[PDB]
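Undergrad: After the structure tokens below, expect a handful of questions from me.
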Amino acid sequence: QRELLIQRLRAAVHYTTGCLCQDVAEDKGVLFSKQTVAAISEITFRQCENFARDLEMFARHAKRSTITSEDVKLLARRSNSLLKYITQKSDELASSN
Amino acid sequence: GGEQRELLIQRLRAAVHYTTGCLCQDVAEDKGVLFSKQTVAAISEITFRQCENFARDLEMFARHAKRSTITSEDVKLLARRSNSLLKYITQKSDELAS
Amino acid sequence: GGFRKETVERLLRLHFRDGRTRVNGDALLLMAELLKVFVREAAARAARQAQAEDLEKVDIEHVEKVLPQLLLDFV
Amino acid sequence: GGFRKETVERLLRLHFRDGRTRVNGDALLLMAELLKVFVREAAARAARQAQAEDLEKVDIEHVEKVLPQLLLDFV
């Protein structure tokens, strides 16, 4: 069950990774091997454990059970460019109205 | 001027270098190896540099909680990804204030 | 190309340790966006390494070369 | 026996971006501890890498080799 769930989610991430790599391939004029795309998909899948656990802990740090844009922005804190980009996306969302 | 910060930086680098030397001395005895002066210096520089991330994180972790003053809670959060380290630091903290 | 909020939510829920934990709507969309930047950054850096090697083809060795630094900036 | 409170405080103040930021006394002692752990981990892994090569002297190469994993572990 949980294992089927895992294989489901690996496959969905793998498909979405395939799409994104095709975009970078054309844009950069390179070809990504299937194994390369596979490897990137698996890295991304594994990373989610850290993202999830950090977010949870970041929200609990602020005494919240619910994760918010703030926690996500915090996650992006290491790269100045990344933090800048996510922050902007965050601001677009909050301005939704 | 700006050269004050630079003097402060060489001061702190040198203070970290000394303590790093002391700590490496202990590890070289336990492990029965020798640490070249180049190695000690490199470990020291790395450690000095690593304080940039610790400091940035402590500040933002506290701010995340709407706090200007960094507390032991923030420092524990630094160790979150590692269960053994978190437990070490968690234990150290409770071993401290008490 | 992009991650669906439902995929992202199940990915996160996989790893949550507290049963109370939830994700709000904007955060899900933001996280989807972060996950996509991550993938593209991985791909771009691996492409950059291959090109530095004078290659038009990106292999798993290019991915593994760039991974440590990548993980350094996505902390 | 390790890092001094005043050294640790100065080290952190060097990098704070906000003039409001302060650090309570126990956080400092705790941070001095964490910095001690990190130096000793850096040293042990470098040492570890050297006698793995059957060498009694640790060089900057050993340090360089263990550096990426060391830093990931402190992210």
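Order determines the names: the first chain of the structure tokens is A, the second B, and so forth; residues in each chain are numbered 1 upward, and ligands are numbered 1 upward as they are shown.
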Quick one: residues within 10 Å of segment 18-32 of chain A, only C-alpha atoms, excluding same-chain residues fewer than 3 positions away - as an MDAnalysis selection string?

TA: (chainID A and resid 12:15 35:38 40:41) or (chainID C and resid 1:3 36:37 39:44 46:48 50:51 55:60)

Undergrad: I need the contact residues of chain B against chain C, so if you could list those with any atom within 12 Å, counting only C-alpha atoms, and return them as a list in words, that would help.

TA: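 That gives the following set of residues: residues 53, 57, 78 and 81 of chain B.
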
Undergrad: Which chain B residues have any atom within 10 Å of an atom of chain A, and for each, what is the nearest pair of atoms with distance in Å to one decimal, counting only C-alpha atoms, rows sorted by chain and number, as a Markdown table?

TA:
| residue | atom | partner | partner_atom | distance |
| --- | --- | --- | --- | --- |
| B:53 | CA | A:78 | CA | 8.3 |
| B:56 | CA | A:77 | CA | 8.9 |
| B:57 | CA | A:77 | CA | 8.4 |
| B:60 | CA | A:74 | CA | 7.8 |
| B:61 | CA | A:61 | CA | 8.0 |
| B:62 | CA | A:61 | CA | 8.8 |
| B:63 | CA | A:62 | CA | 9.4 |
| B:64 | CA | A:62 | CA | 6.4 |
| B:65 | CA | A:62 | CA | 4.7 |
| B:66 | CA | A:62 | CA | 7.9 |
| B:67 | CA | A:62 | CA | 10.0 |
| B:73 | CA | A:61 | CA | 8.3 |
| B:74 | CA | A:61 | CA | 8.5 |
| B:77 | CA | A:57 | CA | 8.0 |
| B:80 | CA | A:54 | CA | 8.0 |
| B:81 | CA | A:50 | CA | 7.7 |

Undergrad: From a backbone DSSP assignment, name each residue in chain A labelled helix (DSSP H, G or I), as JSON, numbers by chain.

TA: {"A": [2, 3, 4, 5, 6, 7, 8, 9, 10, 11, 12, 13, 14, 15, 16, 17, 18, 19, 20, 21, 22, 23, 24, 25, 26, 27, 28, 34, 35, 36, 37, 38, 39, 40, 41, 42, 43, 44, 45, 46, 47, 48, 49, 50, 51, 52, 53, 54, 55, 56, 57, 58, 59, 60, 61, 69, 70, 71, 72, 73, 74, 75, 80, 81, 82, 83, 84, 85, 86, 87, 88, 89, 90, 91, 92, 93, 94]}

Undergrad: Write out the residues from the selection above, keeping C-alpha atoms, as an mmCIF file, in the first residue's frame.

TA:
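And here is the file that came out, out08.cif:
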data_model
loop_
_atom_site.group_PDB
_atom_site.id
_atom_site.type_symbol
_atom_site.label_atom_id
_atom_site.label_comp_id
_atom_site.auth_asym_id
_atom_site.auth_seq_id
_atom_site.Cartn_x
_atom_site.Cartn_y
_atom_site.Cartn_z
ATOM 1 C CA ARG A 2 2.439 2.689 1.155
ATOM 2 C CA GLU A 3 4.895 1.064 -1.238
ATOM 3 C CA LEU A 4 2.424 1.339 -4.120
ATOM 4 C CA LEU A 5 1.882 4.928 -3.049
ATOM 5 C CA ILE A 6 5.641 5.444 -3.237
ATOM 6 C CA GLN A 7 5.882 3.914 -6.703
ATOM 7 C CA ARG A 8 2.941 6.053 -7.798
ATOM 8 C CA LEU A 9 4.631 9.224 -6.610
ATOM 9 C CA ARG A 10 8.065 8.293 -8.020
ATOM 10 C CA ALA A 11 6.383 7.744 -11.400
ATOM 11 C CA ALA A 12 4.523 11.066 -11.255
ATOM 12 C CA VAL A 13 7.680 12.951 -10.262
ATOM 13 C CA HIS A 14 9.574 11.062 -12.948
ATOM 14 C CA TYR A 15 7.056 12.102 -15.603
ATOM 15 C CA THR A 16 7.095 15.740 -14.506
ATOM 16 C CA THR A 17 10.892 15.682 -14.403
ATOM 17 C CA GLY A 18 10.933 14.364 -17.967
ATOM 18 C CA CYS A 19 8.885 17.364 -19.086
ATOM 19 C CA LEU A 20 11.106 19.917 -17.339
ATOM 20 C CA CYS A 21 14.319 18.382 -18.637
ATOM 21 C CA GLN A 22 12.970 18.498 -22.198
ATOM 22 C CA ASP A 23 12.440 22.232 -21.713
ATOM 23 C CA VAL A 24 16.001 22.720 -20.483
ATOM 24 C CA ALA A 25 17.359 20.454 -23.220
ATOM 25 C CA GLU A 26 15.869 22.515 -26.025
ATOM 26 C CA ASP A 27 16.609 25.839 -24.363
ATOM 27 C CA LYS A 28 20.252 24.804 -23.788
ATOM 28 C CA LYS A 34 17.000 8.568 -20.023
ATOM 29 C CA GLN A 35 19.260 7.606 -17.139
ATOM 30 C CA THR A 36 20.086 11.253 -16.533
ATOM 31 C CA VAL A 37 16.406 12.108 -16.409
ATOM 32 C CA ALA A 38 15.804 9.094 -14.170
ATOM 33 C CA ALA A 39 18.628 10.116 -11.819
ATOM 34 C CA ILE A 40 17.350 13.675 -11.528
ATOM 35 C CA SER A 41 13.848 12.442 -10.859
ATOM 36 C CA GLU A 42 15.079 10.204 -8.005
ATOM 37 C CA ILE A 43 17.168 12.994 -6.457
ATOM 38 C CA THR A 44 14.136 15.254 -6.527
ATOM 39 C CA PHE A 45 11.993 12.498 -5.004
ATOM 40 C CA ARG A 46 14.524 11.971 -2.175
ATOM 41 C CA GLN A 47 14.880 15.700 -1.525
ATOM 42 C CA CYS A 48 11.201 15.899 -0.671
ATOM 43 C CA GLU A 49 11.795 14.104 2.620
ATOM 44 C CA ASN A 50 14.020 16.989 3.738
ATOM 45 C CA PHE A 51 11.744 19.654 2.311
ATOM 46 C CA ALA A 52 8.740 18.127 4.082
ATOM 47 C CA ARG A 53 10.424 17.599 7.420
ATOM 48 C CA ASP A 54 12.017 21.048 7.410
ATOM 49 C CA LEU A 55 8.673 22.707 6.546
ATOM 50 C CA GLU A 56 6.929 20.836 9.326
ATOM 51 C CA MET A 57 9.636 21.822 11.793
ATOM 52 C CA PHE A 58 9.718 25.401 10.493
ATOM 53 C CA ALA A 59 5.975 25.759 11.057
ATOM 54 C CA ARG A 60 6.108 24.074 14.448
ATOM 55 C CA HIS A 61 8.887 26.554 15.292
ATOM 56 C CA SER A 69 4.398 30.567 2.282
ATOM 57 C CA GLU A 70 6.594 31.833 5.132
ATOM 58 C CA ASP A 71 7.898 28.333 5.790
ATOM 59 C CA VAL A 72 8.476 27.815 2.070
ATOM 60 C CA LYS A 73 10.357 31.121 1.760
ATOM 61 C CA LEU A 74 12.512 30.019 4.724
ATOM 62 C CA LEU A 75 13.302 26.812 2.811
ATOM 63 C CA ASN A 80 19.870 34.826 -2.505
ATOM 64 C CA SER A 81 18.592 34.489 -6.059
ATOM 65 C CA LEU A 82 16.357 31.522 -5.123
ATOM 66 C CA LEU A 83 14.984 33.310 -2.056
ATOM 67 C CA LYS A 84 14.360 36.340 -4.263
ATOM 68 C CA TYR A 85 12.495 34.295 -6.881
ATOM 69 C CA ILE A 86 10.294 32.298 -4.478
ATOM 70 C CA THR A 87 9.534 35.428 -2.459
ATOM 71 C CA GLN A 88 8.248 37.111 -5.597
ATOM 72 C CA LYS A 89 6.063 34.108 -6.401
ATOM 73 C CA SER A 90 4.881 34.199 -2.790
ATOM 74 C CA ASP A 91 3.968 37.870 -3.137
ATOM 75 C CA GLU A 92 2.032 37.258 -6.380
ATOM 76 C CA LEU A 93 -0.040 34.611 -4.634
ATOM 77 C CA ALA A 94 -0.913 36.662 -1.563
#

Undergrad: Between atom CA of residue 75 of chain D and atom CA of residue 59 of chain B, what is the spacing in Å?

TA: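 Atom-to-atom, atom CA of residue 59 of chain B and atom CA of residue 75 of chain D are spaced 15.0 Å apart.
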
Undergrad: At a cut-off of 9 Å, which residues of chain C touch chain D? Count only C-alpha atoms and give the answer as a PyMOL selection string.

TA: chain C and resi 68-69+71-72+75

Undergrad: Return as JSON, numbers by chain the full set of residues in chain A whose backbone-based DSSP assignment is strand (DSSP E).

TA: {"A": [31, 32, 66, 67]}

Undergrad: Of the residues C:27, C:32, C:18, C:54, which is the one nearest to chain A, using only C-alpha atoms?

TA: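 Of C:27, C:32, C:18, C:54, the one nearest chain A, counting only C-alpha atoms, is C:27.
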